[PDB]
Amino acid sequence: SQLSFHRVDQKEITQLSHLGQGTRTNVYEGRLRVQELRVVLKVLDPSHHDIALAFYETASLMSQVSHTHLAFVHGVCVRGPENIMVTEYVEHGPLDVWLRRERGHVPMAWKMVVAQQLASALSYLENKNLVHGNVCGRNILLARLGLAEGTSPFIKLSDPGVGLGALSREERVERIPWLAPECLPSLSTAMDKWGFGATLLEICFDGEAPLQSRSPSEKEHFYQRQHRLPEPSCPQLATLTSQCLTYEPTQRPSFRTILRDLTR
């Protein structure tokens, strides 16, 4: 009753190559006939009704927002028990993978453009009072490389996939340190300030995230002990990442402050 998205007919979609896995999903290159548009198909695992609902809730969220740095959702194809989200194909793929592959020739200026674009997407959702809840390098898609002389990068933040509210505690621990600490045991836009902070660290460290090596027990203990995440060596950027990565959600800065700080 609360939800609104386009139903996509199975006859309108073609599934091409496998691109990877998301949370409870397999992602394929596809075609959507509307013209034969390149898209990605996100195929939900066999799931309980509650996970399918959480999937529809994400489709509904993304279908009623617009921003140049938010990826487009075309709709959902049902096929009895099978659920497919149809979403924007973004040329150069996930940023975390891209950064790890390009390690050693991504300049700071390039990274600062990406942080500004992500901040302008999250400023828009803050103003709408809508939670993304899965801000991370994997969900930042690179539309334009921006490494050539006289070019700049262009990103699209992916749909967050299955809503965080429907995932297991095990899955939430796996998402440390992108997971806001209040989300371990909380659905406020404040969680995206933390995720933003974690994603800046991830970008600064060329797609290596802090804590990623550590076991689930050690990731959970980090949060229980309110250990501080590492500060990048650029102190101006450290002040910002630290303010975002504040355990008390009400002490994290607005995206007005964040954008102000990034733009000088």
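We call the rigid core the largest set of C-alpha positions that still match within 1.5 Å between the two forms. Start at 1 and count along the sequence shown; that's the residue number.
- Per-stretch RMS Cα distance to the displayed form in 8 other deposited structures of this protein, following rigid core alignment, is highest for 235 to 243 when 41 to 49 and 235 to 243 are compared.
- Between 78 to 86 and 168 to 176, greater CA displacement relative to the shown form is found for 78 to 86 when the structures in 8 other deposited structures of this protein are fitted on the core.
- Notably, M62 is never a gap: all other compared entries of this protein, restricted to those modelling both its neighbours, have coordinates for it, so the one-third criterion is not met.
- The records show that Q226 is included in the coordinate set of every other eligible entry of this protein, so it is not omitted in a third of them.
- According to the record, 4 to 9 deposited residues between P185 and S186 are left without atomic coordinates.
- As listed in the deposited structure, the average C-alpha B-factor of 24 to 32 and of 220 to 228 is greater for 220 to 228.
- Higher mean CA B-factor, judged across 109 to 117 and 145 to 153 from the recorded values: 145 to 153.
- Residues shown: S60, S47, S215, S66. Highest C-alpha temperature factor in the entry: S215.
- Looking at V78, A190, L95, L125, the one whose CA carries the top B-factor in the deposited record is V78.
- When the modelled residues of the chain are ordered by C-alpha B-factor, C244 sits in the middle third.
- In this PDB entry, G104 carries a Cα temperature factor that places it within the highest third of its chain's modelled residues.
- Ranked against the other modelled residues of its chain, the C-alpha B-factor of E82 as given in the entry falls in the highest third.
- In the PDB entry, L211 places in the highest third of its chain by CA B-factor.
- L201: CA B factor lies in the middle third for its chain, per the PDB record.
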